[PDB]
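Everything on this sheet refers to the single structure shown next.
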Amino acid sequence: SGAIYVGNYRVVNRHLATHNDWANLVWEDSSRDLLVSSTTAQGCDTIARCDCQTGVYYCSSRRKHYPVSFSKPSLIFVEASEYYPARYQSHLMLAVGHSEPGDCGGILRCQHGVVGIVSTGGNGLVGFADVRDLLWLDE
Ligand SMILES: COc1ccc(C(F)(F)F)cc1N(C)C(=O)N1CCC[C@H](C(N)=O)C1
Ligand SMILES: [Zn+2]
C-alpha cells in the first residue's frame with residue numbers, strides 16, 4: 001500500500017484504489033496502473049521533473065529503503081492478475097530490487113523529489129509507475 005499527496009491530489013496504484021478514490025476521480029489509466037483522486041487537505045510531496053535513473057525506494061516487505069538504478073519509462077509486458085489480463089504496461093521502469101505483493105505503492109525518490117510508485121516486480125525485479133511526466137499534478 002501507499003500514495004503520493006501533491007496539492008489537492010492523491011496518486012495511487014489503480015488496482016488498489018478505494019471507493020472514495022473512484023467517487024473523487026480526476027484521471028485514471030489502466031495501461032499505467034495509475035489513478036488520481038481529489039483531496040480536501042493540501043499535499044506537500046514534491047514531484048521530480050528529470051531523467052534520473054538512480055534513486056531510493058521504500059520496500060514495506062523489509063521495512064527498509066533501498067538504493068536502485070532503474071530503467072527509462074517504457075512499455076513492459078506484465079502477467080495476468082485478479083486486476084488485469086496479460087498486457088503491456090506503459091511508463092514502467094524496472095530495477096533489480098526485491099519486492100512482494102503488498103509492495104505496490106512504495107515511493108521511489110531521487111534528489112529532485114518523487115519519481116513514481118512500486119507497480120511491478122516479481123522474480124527479484126521491481127517496477128515503478130513513473131509520474132514525472134504528469135505536469136498537471138503541480139497546478
Ligand atoms: C511488485 O509487485 C509484485 C510483487 C510480487 C509479485 C509476486 F510475484 F510475488 F506475486 C508480483 C508483483 N506484481 C507485478 C503485482 O503485484 N502485480 C499484481 C497486481 C497488478 C500489478 C500491475 N501493475 O499490473 C502487477
Ligand atoms: Zn531526478
Side-chain angles (χ1 to χ4, degrees):
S1 62
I4 307 165
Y5 291 97
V6 48
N8 284 324
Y9 295 127
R10 165 175 144 96
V11 190
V12 289
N13 295 90
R14 190 190 186 275
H15 73 274
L16 297 177
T18 66
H19 294 297
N20 190 57
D21 285 324
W22 276 105
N24 297 294
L25 180 62
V26 169
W27 167 84
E28 50 78 32
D29 186 333
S30 182
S31 75
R32 297 177 65 152
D33 182 44
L34 291 178
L35 179 149
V36 179
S37 60
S38 55
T39 66
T40 59
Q42 197 96 82
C44 290
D45 290 331
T46 292
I47 309 298
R49 302 300 181 193
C50 72
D51 74 349
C52 277
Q53 275 185 258
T54 74
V56 174
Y57 77 107
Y58 180 68
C59 173
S60 57
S61 65
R62 290 288 182 272
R63 282 183 205 140
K64 268 191 167 79
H65 296 259
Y66 290 109
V68 282
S69 297
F70 54 93
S71 66
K72 295 203 173 167
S74 66
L75 275 168
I76 296 176
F77 201 71
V78 181
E79 287 274 5
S81 71
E82 41 184 5
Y83 320 99
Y84 307 107
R87 79 215 205 281
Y88 289 91
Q89 174 165 321
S90 63
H91 301 268
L92 186 62
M93 296 173 297
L94 297 182
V96 179
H98 169 88
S99 71
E100 317 175 9
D103 292 331
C104 280
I107 286 175
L108 171 62
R109 299 180 72 94
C110 62
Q111 63 184 116
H112 309 113
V114 176
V115 173
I117 52 169
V118 175
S119 181
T120 74
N123 308 286
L125 265 180
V126 55
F128 308 87
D130 185 47
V131 299
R132 302 174 282 185
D133 64 314
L134 308 172
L135 310 185
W136 55 268
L137 289 177
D138 290 320
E139 56 241 20

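We count residues from 1, following the sequence as given. Atoms within each ligand, like the ligands themselves, are counted from 1 in listed order. All heavy atoms count here, side chains included; hydrogens, waters and symmetry mates do not.
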Does any part of the side chain of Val11, heavy atoms only, come nearer than 4.5 Å to the side chain of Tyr5, both counted from C-beta? no
So, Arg49 versus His112: side-chain donor-acceptor pair below 3.5 Å or not? no
Hey, are the side chains of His15 and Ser81 touching, using non-hydrogen atoms and a 4.5 Å cut-off? no
Check: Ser31/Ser90 side-chain N/O donor and acceptor closer than 3.5 Å: yes
For ligand 1, list all ligand N or O to protein N or O distances below 3.5 Å, rounded to 0.1 Å.
from: ligand 1; atom 1: 23 (N); to: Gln89; atom 2: OE1; distance (Å): 2.8
from: ligand 1; atom 1: 23 (N); to: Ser119; atom 2: O; distance (Å): 3.0
from: ligand 1; atom 1: 23 (N); to: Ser119; atom 2: OG; distance (Å): 3.2
from: ligand 1; atom 1: 24 (O); to: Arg87; atom 2: NH1; distance (Å): 3.2

Excluding water, the protein N, O or S atoms sitting under 2.8 Å from the Zn ion (ligand 2) are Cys50 SG, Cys52 SG, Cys110 SG, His112 ND1
Can you confirm whether more than 12 heavy atoms, excluding those of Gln42, are under 6.0 Å from its CD atom? yes
With no hydrogens and no angle check, just 3.5 Å: does a side-chain donor-acceptor pair link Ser119 and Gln89? yes
Is any side-chain N of the basic residue among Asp33 and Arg87 closer than 4.0 Å to the acidic one's carboxylate O? no
Any ion pair linking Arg14 and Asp21 (charged N to carboxylate O, less than 4.0 Å)? no
Using only atom types and a distance under 3.5 Å, with no angle test, would you say the side chain of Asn13 pairs donor to acceptor with the backbone of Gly105? yes
